[PDB]
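Visitor: The data below comprise the sequence and an experimental structure of the protein.
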Amino acid sequence: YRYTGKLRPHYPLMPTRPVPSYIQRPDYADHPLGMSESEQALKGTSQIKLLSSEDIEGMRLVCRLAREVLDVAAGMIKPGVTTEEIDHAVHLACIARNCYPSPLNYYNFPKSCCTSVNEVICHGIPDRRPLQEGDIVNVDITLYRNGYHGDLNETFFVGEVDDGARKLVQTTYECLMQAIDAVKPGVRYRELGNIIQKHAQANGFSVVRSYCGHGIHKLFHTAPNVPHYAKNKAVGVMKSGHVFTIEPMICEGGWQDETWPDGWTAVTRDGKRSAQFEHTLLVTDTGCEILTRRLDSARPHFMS
Ligand SMILES: COc1ccc(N2CCN(c3nc(-c4ccccn4)nc4ccccc34)CC2)cc1
Ligand SMILES: [Co+2]
Ligand SMILES: [Co+2]
Ligand SMILES: [Co+2]
Ligand SMILES: [K+]
């Protein structure tokens with residue numbers, strides 16, 4: 001394999017971390033290939049669930065707990081800390097909150113969260129590499145509680161970063177927030193990508209095309225599919241009671257991605273840096289509720 005940038009995987013991975021039997025498990029947790037029966041039974045479906053009142057309460061709880069866990073990871077972002085160490089803290093924090101770490105064994109993903117440094121667009125596997133001053137790093141958290149998944153991510157700075165890293169991370173966050181601001185009943189899902197790309201393009205940045213936002217509730221990933229680029233062909237119209245993510249991945253150079261031989265790690269083909277932010281949203285009558293918001297601070301971690 002020819003690597004696209006400086007980053008390399010740092011093996012071996014510590015042995016898989018068990019989840020105590022008392023924590024409720026998603027269907028794929030024990031599947032040998034980590035396949036989700038409940039997901040696959042709906043593969044190829046455009047129909048979007050309308051959440052019930054109990055569904056909404058279940059989503060509010062898990063998305064609040066997921067935010068608490070992301071905040072734990074944020075606290076550890078410093079030079080010299082390995083991504084595996086982050087993952088260990090995240091694993092324990094999910095368990096402490098009576099939650100299963102959703103990524104763990106999801107289609108055989110080996111860890112409890114995704115840590116995506118510099119040119120990694122997404123799905124970086126936590127490993128022995130110590131974080132380096134100047135790095136940017138996304139940690140993507142999903143928890144599973146009482147049958148429901150809650151999903152968020154943020155990009156962080158490791159120590160002091162250069163001007164381009166600041167510009168990329170700020171713009172990616174702006175893209176997400178501008179898209180969130182457009183969410184309300186009657187809006188087509190395909191529209192968010194127009195908003196996101198317009199802002200990214202205006203700042204000299206490209207938009208990843210291979211990975212999308214997603215419906216989430218009793219399923220980790222389900223309808224709607226939500227592209228982040230312009231003139232996409234997404235199917236569906238927002239309605240009150242829809243729950244989905246917007247999770248734009250934005251790049252310094254081109255939009256093209258490829259995957260490492262591990263089958264997971266998605267990287268820029270040019271080896272330039274990529275950043276991502278994510279919230280789980282509930283469409284309401286006035287617009288939408290940001291289920292994964294911070295409750296005690298106005299801003300994401302990279303600002304404060
Ligand atoms: C035909 O059966 C399949 C169904 C789905 C998939 N996948 C794997 C799961 N998947 C997504 N996975 C992830 C992910 C996985 C592990 C850890 C963190 N994230 N993120 C996604 C985000 C958006 C859409 C899909 C996926 C969609 C494509 C493969 C085969
Ligand atoms: Co993912
Ligand atoms: Co997501
Ligand atoms: Co996520
Ligand atoms: K990254």
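Guide: Perfect, thanks for sending it. Numbering: from 1, shown residues only. Ligands and ions are numbered 1, 2, ... in the order given.

Visitor: Could you pull out the buried residues of the helix ranked longest in the chain?
Guide: Longest helix in the chain, counting residues (DSSP state H): helix 53-75. For helix 53-75, the neighbour count (16 or more other Cβ atoms under 10 Å) marks 55-56, 58-59, 61-74 as buried. Bear in mind the C-beta positions are built from the backbone N, C-alpha and C, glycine included.

Visitor: Please apply the same query to stretch 2-22.
Guide: 4-5, 7, 9, 13, 17, 19.

Visitor: Thought residue 273 was touching residue 116, still the case?
Guide: No - taking contacts as Cβ atoms under 8 Å, residue 116 lies outside contact range of residue 273: 10.4 Å.

Visitor: what about stretch 210-222 and ligand 1, touching?
Guide: Yes - judged by Cβ under 6 Å from any ligand atom, stretch 210-222 and ligand 1 are in contact via 211-212, 214, 221.

Visitor: got those residues as TSV, with neighbour count columns?
Guide: Converted to TSV, the residues of stretch 210-222 next to ligand 1 look like this (neighbours: other Cβ atoms under 10 Å):
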residue	neighbour count
211	17
212	22
214	20
221	18
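
Visitor: how about residue 263, phi and psi?
Guide: In terms of degrees, to the nearest 10, the main-chain angles of residue 263 are phi 90, psi 0.

Visitor: For the nearest residue to residue 259 once chain neighbours are set aside, give the beta-bridge partners.
Guide: Of all residues not flanking residue 259 in the chain, residue 266 sits nearest, at 5.6 Å (Cβ to Cβ, 6 or more residues apart in numbering). Taking DSSP bridges, one obtains residue 122, residue 259 as the residues bridged to residue 266.

Visitor: could you show me where the helices are in this protein, in order?
Guide: 37-40, 53-75, 83-96, 163-181, 190-202.

Visitor: So which bits of the shortest one are buried?
Guide: Think helix 37-40. Neighbour-count burial for helix 37-40, with 16+ other Cβ under 10 Å as criterion, is recorded at residue 39.

Visitor: Just the CA coordinates for that helix, please, in CSV.
Guide: Provided in CSV are the C-alpha atoms of helix 37-40 (Å, rounded to 0.1, in the frame of the first residue of the first chain):
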residue,chain,number,x,y,z
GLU,A,37,-29.9,-7.8,10.8
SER,A,38,-32.3,-4.9,11.7
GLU,A,39,-30.3,-2.6,9.4
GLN,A,40,-29.9,-5.0,6.5
